[PDB]
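Next up is one chain by itself, shown in structure tokens, the form deposited in one PDB entry.
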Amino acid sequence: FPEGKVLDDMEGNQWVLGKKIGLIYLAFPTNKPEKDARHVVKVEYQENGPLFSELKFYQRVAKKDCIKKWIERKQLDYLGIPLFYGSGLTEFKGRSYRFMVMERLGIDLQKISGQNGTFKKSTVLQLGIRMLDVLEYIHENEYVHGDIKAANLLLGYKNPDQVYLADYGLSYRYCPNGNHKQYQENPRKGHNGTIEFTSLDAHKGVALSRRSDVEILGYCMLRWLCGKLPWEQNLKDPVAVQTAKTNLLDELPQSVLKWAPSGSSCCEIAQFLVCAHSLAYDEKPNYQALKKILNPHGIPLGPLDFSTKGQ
């Protein structure tokens, strides 16, 4: 797509592409463009199906003013959901592409991870809390993410200290108009998600519900703290991963307590996974209890620490 190509979204706002960075470009509004881009445009084929799933999520859930009301009521410094500005179709060389105009963000956490994709314990716990805030909000709004992992956490651009959950490509409306999906194992559609982190429900082909996002976040924090998960050697074998995950949850808390090196306790992560595994399929997580598990002293959250000293 040429720099300067002008996109018109469904609301009739016009967007001029910048430089590429699927395909993702800097973007500016035609009307009152700032020096510096605060928007990006994500582009994919119209048939491109994950972008459409994303569009549904963002259009339904990422309402700037609703988030603003939530942040204020819940006393959050921020919520790690990127803002959504518009969507539409554009044509280039005979084909029609769907695009979404999104808040500009910075670097993904996979890139800025230390030794063997690890973060300092304080950073792990804070990331967990920030994600619980996102989960509570999207869950309240009938959606689950299904794919929390470092590559889908991005730091802000305009605010580089804030962390954002992105890529709602596997997001799922689990409770459309308050009707919670039924539990059904589909043995034709098992083992979806990122195999390293996906939930047992996903392994069994069960429609994602709230507990699955909490479970996945638990696997993530264990991976971020300890540096590799018990199934590291099994990733090309989904069944074996399922088995390893089953055993880990079945043998909590010790499965997790034992895994940790002498430095970094998994006490918080163990109890987190205990809480997560206690949930019924249609059950609402105790997000406040979970946040407290990760922040036992109730410290204010401060800068994320990505330092690498000595490695």
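Throughout, we count residues from 1 along the sequence that is shown. Superpose the two forms; the largest set of C-alphas matching within 1.5 Å is the rigid core.
Below, we refer to the form deposited in another entry, which is not included among the displayed structures.
- When the two forms are superposed on their rigid core between the shown form and the other one, the C-alpha shift of 2 Å or more among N48, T246, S278, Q59 belongs solely to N48.
- Comparing the forms between the shown form and the other one, the C-alpha position of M10 differs by 2 angstroms or more, with the core used for superposition.
- Annotation: Cα of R95 displaced by at least 2 Å between the shown form and the other one, core superposition.
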